[PDB]
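Working notes for the structure below.
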Amino acid sequence: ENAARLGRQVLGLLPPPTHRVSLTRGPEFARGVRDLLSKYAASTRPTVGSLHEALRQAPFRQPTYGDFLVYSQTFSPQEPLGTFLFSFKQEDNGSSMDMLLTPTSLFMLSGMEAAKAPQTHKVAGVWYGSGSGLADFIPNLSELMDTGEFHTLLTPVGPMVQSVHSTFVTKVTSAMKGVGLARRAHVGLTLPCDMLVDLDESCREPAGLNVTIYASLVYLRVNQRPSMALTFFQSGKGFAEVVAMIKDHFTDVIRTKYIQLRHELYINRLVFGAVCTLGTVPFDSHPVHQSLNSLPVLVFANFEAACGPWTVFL
Amino acid sequence: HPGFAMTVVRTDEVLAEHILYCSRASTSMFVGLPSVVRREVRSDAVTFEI
Amino acid sequence: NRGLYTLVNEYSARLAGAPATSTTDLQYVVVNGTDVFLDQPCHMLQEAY
Amino acid sequence: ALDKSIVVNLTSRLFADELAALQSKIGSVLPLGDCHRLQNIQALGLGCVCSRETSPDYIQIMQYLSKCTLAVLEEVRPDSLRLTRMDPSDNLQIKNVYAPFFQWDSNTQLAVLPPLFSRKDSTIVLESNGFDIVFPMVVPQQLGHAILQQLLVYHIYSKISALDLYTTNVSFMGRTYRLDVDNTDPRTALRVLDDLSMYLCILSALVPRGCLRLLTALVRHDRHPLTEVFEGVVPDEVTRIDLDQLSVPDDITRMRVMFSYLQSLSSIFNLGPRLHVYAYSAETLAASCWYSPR
Amino acid sequence: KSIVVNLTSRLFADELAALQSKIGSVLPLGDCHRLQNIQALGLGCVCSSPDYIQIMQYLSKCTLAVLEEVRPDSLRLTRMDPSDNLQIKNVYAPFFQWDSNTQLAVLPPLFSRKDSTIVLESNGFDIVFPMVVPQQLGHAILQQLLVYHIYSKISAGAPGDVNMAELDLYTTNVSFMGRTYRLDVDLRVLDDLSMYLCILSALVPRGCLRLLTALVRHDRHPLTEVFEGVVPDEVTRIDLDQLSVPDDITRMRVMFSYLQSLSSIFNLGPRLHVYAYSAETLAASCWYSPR
């Protein structure tokens with residue numbers, strides 16, 4: 001009996017069969033074309049059964065999940081689901097490990113100032129008691145920021161789907177393409193309001209089909225030491241505008257950077273930033289403000305992930 | 001006073017409530033039948049349009 | 001300049017040459033006429049009161 | 001399958017003269033505003049950004065054009081315009097219509113450009129409706145970049161002067177064409193040039209010393225087919241950098257840092273979206289391209 | 001997604017096991033239908049006196065495919081769609097030790113032929129494999145072999161300028177992912193970039209003073225005030241008066257054309273994103289995103 005219940009569930013999720021109209025016989029052509037036209041006419045009327053038949057045509061592509069394996073002190077158990085994930089792959093470890101950097105954990109490596117980030121500085125300290133367990137695993141947090149090679153090592157991955165945290169080894173599953181299904185709900189990418197800088201706000205541009213989210217990683221000096229600052233942007237203005245709009249955002253940084261480079265010139269010092277292409281939110285799906293424990297976090301919906309190479313801007 | 005006067009032009013709006021009269025049998029109306037064709041498919045929603 | 005039976009037919013249909021906006025701060029010029037319910041009689045009579 | 005159609009309702013029956021001008025433009029790509037089915041005519045063409053009373057800004061029009069959704073015209077009625085639209089990856093049929101004719105083949109690229117050669121040829125007016133539909137032009141990338149080459153030359157030298165054979169004419173293979181840059185606003189075309197000036201005095205700050213010497217061993221010694229712009233007179237600045245010696249571990253960095261600022265110049269030499277053509281029929285002028293934005 | 005390459009003459013026993021190794025490999029293919037010959041697959045139309053940019057621009061205009069089965073009478077392919085999950089074996093010569101979660105690229109071949117091509121004599125057409133390297137290595141493998149191709153032209157005419165003991169110390173040793181790779185060099189592939197990067201090498205110092213002194217006005221962009229203090233002192237002494245104005249136009253219509261065709265060949269996208277890899281099975285699942 002219980003094996004027959006599964007026979008009704010598999011045979012109710014099958015794809016619809018393709019119509020086989022025989023073009024060689026006389027009456028068999030007439031009765032096969034008639035069942036195309038007795039069936040399109042019952043998929044056009046606004047009745048409920050016609051709408052009941054209309055969704056079995058499912059041309060869905062699928063998310064491709066990546067199973068990572070991180071140390072538990074470089075990745076908090078208190079991470080919001082939908083956090084963006086990077087991968088730092090400087091060398092070949094002796095064991096099969098990986099270093100995944102969330103944008104609140106990359107705030108502790110960078111050391112960018114809390115005047116820029118007032119709320120994600122209190123959060124990044126209460127999860128990371130010293131900030132040393134991150135910085136001990138990167139021996140070049142000064143030579144990768146001087147030469148400008150830190151953005152060449154990060155690969156963007158996608159939002160987080162599952163976090164099985166343990167004492168020493170944390171299993172992290174991401175969604176590298178498509179909309180990530182939880183492990184069942186659809187996990188949208190969650191960014192803090194502290195990092196995301198909109199470009200579509202203004203005082204009539206086209207309502208396009210799509211709007212993209214970029215990731216800028218910007219080299220700068222603080223305390224006369226090399227540091228950096230990672231911000232997120234969101235617009236659908238095409239690639240030529242946004243690179244010209246990000247240069248307007250960092251006008252105050254470049255003018256305070258080359259006061260020191262007017263003294264001395266190294267060719268390791270000229271490269272400044274890099275813009276990635278993370279993914280595409282659909283148009284006018286507004287993000288919903290949430291709070292954590294009070295952390296303003298924009299969670300999107302239907303965020304499918306992409307992957308762009310880091311292109312330099314200056 | 002400089003040696004020239006000037007004329008000054010404005011525009012002003014008025015929220016008016018209107019009266020529409022329309023006589024008997026002035027227009028013949030033809031009404032079709034509705035039909036449902038879908039045109040946006042996502043992971044969350046499948047939108048239709050009648 | 002056309003005859004006045006082709007001006008009455010065109011009167012209520014066409015939104016005339018560049019009228020002002022509705023509910024703004026500095027009275028901008030209108031575009032795309034989405035729900036714009038305007039009646040300007042000084043554009044035809046060519047007078048001001 | 002999924003639906004993609006954009007019908008445009010004409011609020012007044014258009015004339016018989018301007019109906020033939022639209023039906024000549026059948027199968028022509030034109031950018032519209034929003035991605036939904038019933039559309040107004042004032043959001044149909046490119047005429048929202050290319051006016052008559054104001055000076056058209058060909059960067060700003062082209063800058064506007066990679067924002068929009070693009071559609072392909074399919075049927076012109078006297079009461080309606082039906083348009084199919086362009087999904088970001090879908091095999092769709094397209095037709096070569098445009099009046100400065102250029103031959104296409106398979107495995108070519110295309111790019112959608114503002115009406116650069118003739119504004120009056122692209123703009124057809126609907127005086128029965130009060131709007132002008134401004135078609136763009138689709139041009140392969142070896143010519144499509146070449147107009148953005150010649151247009152950025154014009155806004156440099158005409159600001160130096162304020163002559164019409166070098167700064168304006170576009171040299172295609174065997175042909176020269178005049179650009180319509182008589183009454184233009186340059187205020188964003190100088191913004192791109194103000195962005196070149198940052199990259200160009202960075203690429204000059206890290207020139208590799210070995211490549212300067214390979215000119216001086218070739219501009220006066222032998223014949224190369226494309227060095228003939230340089231005559232036997234070397235530039236005066238090449239030898240005034242030649243004076244120091246060569247060094248490999250100081251030129252690997254001067255090539256790697258020079259490698260990254262050439263990737264950054266694809267944000268300043270952009271065309272619009274691309275049309276990957278995979279088939280073409282010259283008896284019908286009806287290609288079938290494969291759309292990809294950005 | 002299947003493409004059959006017919007072979008009207010059967011294979012040799014030496015040529016069979018040469019392709020049994022390369023059983024998963026990305027191959028260009030001049031058209032995307034299936035009924036094609038042995039002369040269609042590979043870079044044999046352009047590599048068999050090869051030039052660089054003609055092959056790099058060919059890959060973006062192409063439809064790549066993946067071998068799946070090597071049988072005696074024929075071959076079998078698999079057409080690789082935009083954003084399509086696959087399983088590609090690392091078989092490429094020379095070996096580069098791919099990492100998981102990387103961004104693989106497809107480059108034209110520029111090393112020796114016995115690593116690049118497989119010589120076939122059963123039908124008389126030698127097939128050419130491309131260079132499938134990670135993206136950060138494949139651009140560091142070429143910003144040195146373009147430096148090495150310059151100094152092998154300076155020391156060919158002026159042999160006292162280039163030290164061979166220091167030229168073959170840095171240019172032929174590439175370190176990536178903590179691993180140093182020594183590359184094999186006897187370069188007629190890169191004899192066009194060396195003639196484009198040098199024909200652009202002189203016009204850039206003349207071009208920036210021509211373009212800084214043209215954009216001087218009240219509405220100057222504020223950052224270009226700061227980017228003026230980077231260009232050296234000798235570039236700020238160039239006399240633009242030694243040329244004429246109709247000669248100065250052709251040093252921009254040519255100048256910018258080597259800043260576009262030289263830029264839009266490095267931002268080409270026949271790349272594929274490996275998301276799972278095992279270093280001893282050499283298998284890699286990925287997805288392919290064109291441009």
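A note on labels: chains of the structure tokens are A, B, ... as shown, every chain counts residues from 1, and ligands are counted from 1 in their shown order.
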
Pick out each residue of segment 23-252 of chain D that DSSP on the backbone tags as strand (DSSP E or B); I need them as a compact mmCIF listing (two decimals) with C-alpha atoms, in the first residue's frame.
# COMPACT_ATOMS: atom_id res chain seq x y z
CA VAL D 29 16.07 47.25 -32.94
CA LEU D 30 14.81 50.18 -30.86
CA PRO D 31 15.17 50.76 -27.10
CA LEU D 32 12.09 51.25 -24.94
CA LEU D 38 1.21 47.54 -22.82
CA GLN D 39 3.45 50.48 -23.55
CA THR D 69 15.59 47.10 -22.46
CA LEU D 70 15.82 46.54 -26.20
CA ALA D 71 13.04 45.35 -28.48
CA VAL D 72 12.67 44.21 -32.08
CA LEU D 73 9.84 45.61 -34.20
CA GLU D 74 7.65 43.02 -35.86
CA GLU D 75 4.38 44.53 -37.13
CA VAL D 76 3.26 48.08 -37.90
CA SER D 80 -0.75 49.62 -33.01
CA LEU D 81 2.92 48.72 -32.98
CA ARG D 82 3.70 45.16 -31.90
CA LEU D 83 7.24 44.52 -30.67
CA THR D 84 8.91 41.40 -29.42
CA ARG D 85 11.54 41.99 -26.76
CA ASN D 91 18.10 33.11 -30.17
CA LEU D 92 16.14 35.80 -32.03
CA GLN D 93 15.77 36.91 -35.63
CA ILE D 94 16.97 40.35 -36.74
CA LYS D 95 17.09 42.20 -40.06
CA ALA D 111 26.63 46.92 -31.32
CA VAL D 112 23.76 49.36 -30.94
CA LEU D 113 24.79 52.97 -31.49
CA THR D 123 14.20 60.40 -36.77
CA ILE D 124 10.83 59.99 -38.44
CA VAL D 125 8.11 62.20 -37.01
CA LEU D 126 4.56 61.27 -36.06
CA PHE D 131 6.18 62.26 -30.98
CA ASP D 132 9.24 61.32 -33.05
CA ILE D 133 10.55 57.74 -33.02
CA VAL D 134 14.35 57.91 -33.05
CA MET D 137 21.80 51.99 -35.54
CA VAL D 138 23.39 48.55 -35.22
CA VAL D 139 27.00 48.43 -36.42
CA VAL D 170 35.47 58.10 -40.03
CA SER D 171 37.69 55.93 -42.23
CA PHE D 172 36.15 52.52 -42.80
CA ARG D 175 35.03 54.52 -47.39
CA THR D 176 34.93 57.75 -45.41
CA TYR D 177 31.84 59.01 -43.60

Pull the closest atom pair for each residue of chain E that gets at most 12 Å from chain A, along with the distance in Å to one decimal, counting only C-alpha atoms, ordering rows by chain and then ascending residue number, as CSV.
residue,atom,partner,partner_atom,distance
E:83,CA,A:177,CA,9.2
E:84,CA,A:61,CA,9.5
E:85,CA,A:64,CA,8.4
E:86,CA,A:64,CA,11.3
E:97,CA,A:92,CA,11.0
E:98,CA,A:92,CA,11.2
E:99,CA,A:92,CA,8.9
E:100,CA,A:89,CA,9.6
E:101,CA,A:155,CA,7.7
E:102,CA,A:155,CA,7.3
E:103,CA,A:155,CA,8.3
E:104,CA,A:309,CA,11.0
E:105,CA,A:309,CA,11.1
E:134,CA,A:309,CA,12.0
E:135,CA,A:309,CA,9.1
E:136,CA,A:152,CA,7.5
E:137,CA,A:152,CA,10.8
E:139,CA,A:152,CA,11.7
E:140,CA,A:152,CA,11.8
E:175,CA,A:91,CA,11.0
E:176,CA,A:91,CA,8.5
E:177,CA,A:91,CA,4.9
E:178,CA,A:91,CA,5.4
E:179,CA,A:91,CA,8.6
E:180,CA,A:91,CA,12.0
E:221,CA,A:248,CA,9.9
E:222,CA,A:251,CA,8.2
E:223,CA,A:251,CA,6.8
E:224,CA,A:255,CA,9.9
E:225,CA,A:255,CA,9.1
E:226,CA,A:255,CA,6.6
E:227,CA,A:258,CA,8.4
E:228,CA,A:262,CA,10.2
E:229,CA,A:262,CA,6.7
E:230,CA,A:262,CA,7.3
E:231,CA,A:265,CA,10.7
E:232,CA,A:265,CA,10.6
E:266,CA,A:311,CA,11.1
E:267,CA,A:311,CA,9.1
E:268,CA,A:309,CA,11.0
E:269,CA,A:309,CA,9.8
E:271,CA,A:309,CA,10.1
E:272,CA,A:307,CA,10.2
E:273,CA,A:307,CA,8.4
E:274,CA,A:66,CA,10.5
E:275,CA,A:66,CA,6.7
E:276,CA,A:66,CA,7.7
E:277,CA,A:66,CA,11.2
E:278,CA,A:96,CA,10.5
E:279,CA,A:96,CA,11.0
E:285,CA,A:64,CA,10.4
E:286,CA,A:64,CA,9.6
E:287,CA,A:64,CA,9.4
E:288,CA,A:307,CA,11.2
E:289,CA,A:307,CA,9.3
E:290,CA,A:308,CA,11.6
E:291,CA,A:308,CA,10.0

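Near chain D, the residues of chain A that fall inside 7 Å (using only C-alpha atoms) are residues 206, 207, 208, 209, 236, 237, 238, 239, 240, 243, 311, 312 and 313 of chain A.
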
So that I can check the surroundings of residue 38 of chain B, please list as a ChimeraX atom specification every protein, DNA and RNA residue that reaches within 6 Å of it, counting only C-alpha atoms and ignoring chain neighbours fewer than 6 positions away. /B:47-49

What's around residue 35 of chain B at 10 Å? Count only C-alpha atoms, leave out sequence neighbours fewer than 4 positions away in its own chain, and write the answer as JSON, numbers by chain. {"A": [41, 43, 44, 45, 46, 47], "B": [49, 50]}

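Using only C-alpha atoms for every distance, the candidate list E:40, E:127, E:132, E:110 yields E:110 as the residue closest to residue 146 of chain E.
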
Find the nearest atom pair between each residue of chain A and chain B for residues within 12 Å, count only C-alpha atoms, give distances in Å to one decimal, sort rows by chain and ascending number, and present the table as a tab-separated table.
residue	atom	partner	partner_atom	distance
A:40	CA	B:37	CA	11.4
A:41	CA	B:35	CA	9.9
A:42	CA	B:35	CA	10.4
A:43	CA	B:36	CA	8.1
A:44	CA	B:35	CA	5.4
A:45	CA	B:35	CA	5.2
A:46	CA	B:36	CA	5.6
A:47	CA	B:36	CA	9.0
A:48	CA	B:36	CA	10.6
A:50	CA	B:36	CA	9.0
A:51	CA	B:36	CA	8.3
A:54	CA	B:38	CA	8.7
A:55	CA	B:46	CA	8.2
A:56	CA	B:46	CA	11.5
A:57	CA	B:41	CA	10.8
A:58	CA	B:41	CA	9.2
A:59	CA	B:41	CA	9.0
A:60	CA	B:43	CA	8.2
A:61	CA	B:43	CA	9.6
A:62	CA	B:43	CA	9.8
A:63	CA	B:43	CA	10.6
A:178	CA	B:43	CA	8.7
A:179	CA	B:43	CA	6.8
A:180	CA	B:43	CA	9.4
A:181	CA	B:43	CA	9.4
A:185	CA	B:44	CA	9.5
A:186	CA	B:44	CA	7.7
A:187	CA	B:44	CA	10.7
A:188	CA	B:44	CA	10.9
A:209	CA	B:40	CA	10.8
A:281	CA	B:42	CA	11.4
A:282	CA	B:42	CA	9.4
A:285	CA	B:44	CA	11.7
A:301	CA	B:44	CA	8.5
A:302	CA	B:43	CA	6.7
A:303	CA	B:43	CA	9.7
A:304	CA	B:43	CA	9.5

Store the residues picked out above in a file with C-alpha atoms, as a short mmCIF file (atom, residue, chain, number, x, y, z; two decimals), in the first residue's frame.
data_model
loop_
_atom_site.label_atom_id
_atom_site.label_comp_id
_atom_site.auth_asym_id
_atom_site.auth_seq_id
_atom_site.Cartn_x
_atom_site.Cartn_y
_atom_site.Cartn_z
CA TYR A 40 -4.24 24.91 -26.21
CA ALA A 41 -7.81 26.21 -26.05
CA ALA A 42 -8.04 24.80 -22.51
CA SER A 43 -4.77 26.49 -21.48
CA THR A 44 -5.91 30.00 -22.40
CA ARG A 45 -9.22 30.41 -20.58
CA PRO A 46 -9.06 32.03 -17.11
CA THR A 47 -10.56 29.06 -15.27
CA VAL A 48 -8.68 27.53 -12.36
CA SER A 50 -6.45 25.80 -16.99
CA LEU A 51 -4.17 27.58 -14.55
CA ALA A 54 -0.13 25.77 -16.85
CA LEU A 55 2.65 25.36 -14.28
CA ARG A 56 3.86 21.84 -15.06
CA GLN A 57 5.97 23.31 -17.89
CA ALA A 58 9.02 23.90 -15.67
CA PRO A 59 12.12 25.29 -17.48
CA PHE A 60 14.04 25.78 -14.23
CA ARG A 61 17.82 25.84 -14.03
CA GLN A 62 19.32 24.88 -10.79
CA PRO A 63 21.61 26.25 -8.10
CA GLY A 178 20.82 30.64 -9.03
CA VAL A 179 18.59 31.20 -6.02
CA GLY A 180 19.78 29.20 -3.03
CA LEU A 181 17.29 26.84 -1.41
CA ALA A 185 12.97 28.20 1.81
CA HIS A 186 14.71 30.48 -0.66
CA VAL A 187 17.69 32.21 0.98
CA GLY A 188 18.19 35.78 -0.19
CA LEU A 209 14.57 44.27 -16.18
CA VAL A 281 18.58 41.20 -7.95
CA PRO A 282 15.37 41.49 -10.02
CA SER A 285 12.09 43.93 -5.27
CA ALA A 301 14.91 38.18 -2.59
CA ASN A 302 15.49 36.16 -5.78
CA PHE A 303 19.19 37.09 -5.75
CA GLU A 304 20.82 34.78 -8.27
#

Atom CA of residue 278 of chain D to atom CA of residue 105 of chain D measures 8.4 Å

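Residues of chain C assigned to helix (DSSP H, G or I) by DSSP on this structure's backbone: residues 42, 43, 44 and 45 of chain C.
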
Per residue of chain C within 12 Å of chain D, note the shortest atom pair and the distance in Å to one decimal, counting only C-alpha atoms, and order the rows by chain and increasing residue number, as JSON lines.
{"residue": "C:9", "atom": "CA", "partner": "D:12", "partner_atom": "CA", "distance": 11.5}
{"residue": "C:10", "atom": "CA", "partner": "D:12", "partner_atom": "CA", "distance": 10.2}
{"residue": "C:13", "atom": "CA", "partner": "D:11", "partner_atom": "CA", "distance": 8.9}
{"residue": "C:14", "atom": "CA", "partner": "D:129", "partner_atom": "CA", "distance": 8.4}
{"residue": "C:15", "atom": "CA", "partner": "D:130", "partner_atom": "CA", "distance": 9.6}
{"residue": "C:16", "atom": "CA", "partner": "D:130", "partner_atom": "CA", "distance": 9.6}
{"residue": "C:17", "atom": "CA", "partner": "D:130", "partner_atom": "CA", "distance": 9.5}
{"residue": "C:18", "atom": "CA", "partner": "D:130", "partner_atom": "CA", "distance": 11.6}
{"residue": "C:31", "atom": "CA", "partner": "D:42", "partner_atom": "CA", "distance": 8.8}
{"residue": "C:32", "atom": "CA", "partner": "D:42", "partner_atom": "CA", "distance": 6.2}
{"residue": "C:33", "atom": "CA", "partner": "D:42", "partner_atom": "CA", "distance": 9.1}
{"residue": "C:34", "atom": "CA", "partner": "D:40", "partner_atom": "CA", "distance": 9.3}

How would the residues just chosen look if you wrote them out with N, CA, C and O atoms as an mmCIF file, in the first residue's frame?
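Everything below was put into selection.cif:
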data_model
loop_
_atom_site.group_PDB
_atom_site.id
_atom_site.type_symbol
_atom_site.label_atom_id
_atom_site.label_comp_id
_atom_site.auth_asym_id
_atom_site.auth_seq_id
_atom_site.Cartn_x
_atom_site.Cartn_y
_atom_site.Cartn_z
ATOM 1 N N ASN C 9 -12.100 68.759 -32.177
ATOM 2 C CA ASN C 9 -11.831 67.328 -32.103
ATOM 3 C C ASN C 9 -10.480 67.052 -31.459
ATOM 4 O O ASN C 9 -10.298 66.025 -30.797
ATOM 5 N N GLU C 10 -9.526 67.954 -31.637
ATOM 6 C CA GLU C 10 -8.181 67.784 -31.116
ATOM 7 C C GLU C 10 -8.025 68.403 -29.732
ATOM 8 O O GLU C 10 -6.986 68.211 -29.090
ATOM 9 N N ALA C 13 -8.417 65.789 -26.631
ATOM 10 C CA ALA C 13 -7.581 64.607 -26.807
ATOM 11 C C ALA C 13 -6.123 64.898 -26.475
ATOM 12 O O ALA C 13 -5.551 64.304 -25.558
ATOM 13 N N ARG C 14 -5.511 65.816 -27.209
ATOM 14 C CA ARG C 14 -4.078 66.047 -27.096
ATOM 15 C C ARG C 14 -3.779 66.888 -25.866
ATOM 16 O O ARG C 14 -4.470 67.875 -25.598
ATOM 17 N N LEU C 15 -2.765 66.484 -25.110
ATOM 18 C CA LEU C 15 -2.198 67.357 -24.095
ATOM 19 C C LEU C 15 -1.228 68.324 -24.762
ATOM 20 O O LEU C 15 -0.301 67.910 -25.462
ATOM 21 N N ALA C 16 -1.442 69.617 -24.536
ATOM 22 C CA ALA C 16 -0.879 70.664 -25.382
ATOM 23 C C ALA C 16 0.612 70.856 -25.105
ATOM 24 O O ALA C 16 1.240 70.092 -24.369
ATOM 25 N N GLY C 17 1.198 71.899 -25.685
ATOM 26 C CA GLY C 17 2.642 72.026 -25.666
ATOM 27 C C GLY C 17 3.231 72.447 -24.336
ATOM 28 O O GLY C 17 3.181 73.622 -23.961
ATOM 29 N N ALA C 18 3.813 71.468 -23.632
ATOM 30 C CA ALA C 18 4.565 71.569 -22.382
ATOM 31 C C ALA C 18 3.853 72.273 -21.227
ATOM 32 O O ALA C 18 4.224 73.407 -20.895
ATOM 33 N N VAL C 31 6.094 65.345 -18.108
ATOM 34 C CA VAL C 31 6.574 64.358 -19.066
ATOM 35 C C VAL C 31 5.773 63.075 -18.868
ATOM 36 O O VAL C 31 5.337 62.758 -17.756
ATOM 37 N N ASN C 32 5.475 62.420 -19.997
ATOM 38 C CA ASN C 32 4.888 61.088 -20.172
ATOM 39 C C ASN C 32 3.393 61.025 -19.848
ATOM 40 O O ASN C 32 2.746 60.013 -20.146
ATOM 41 N N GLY C 33 2.836 62.111 -19.304
ATOM 42 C CA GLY C 33 1.415 62.310 -19.060
ATOM 43 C C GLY C 33 0.614 61.156 -18.484
ATOM 44 O O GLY C 33 -0.440 60.822 -19.032
ATOM 45 N N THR C 34 1.087 60.571 -17.376
ATOM 46 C CA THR C 34 0.577 59.272 -16.922
ATOM 47 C C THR C 34 -0.857 59.394 -16.422
ATOM 48 O O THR C 34 -1.790 58.885 -17.044
#

Once you count only C-alpha atoms, which residues of chain C turn out to be within 9 Å of chain B? Could you give them as a list in words? residues 20, 22 and 48 of chain C

Would you save the residues of that selection, restricted to C-alpha atoms, as an mmCIF file, in the first residue's frame?
data_model
loop_
_atom_site.group_PDB
_atom_site.id
_atom_site.type_symbol
_atom_site.label_atom_id
_atom_site.label_comp_id
_atom_site.auth_asym_id
_atom_site.auth_seq_id
_atom_site.Cartn_x
_atom_site.Cartn_y
_atom_site.Cartn_z
ATOM 1 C CA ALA C 20 3.364 72.304 -15.774
ATOM 2 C CA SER C 22 1.060 68.753 -10.423
ATOM 3 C CA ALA C 48 -3.696 85.977 -20.171
#
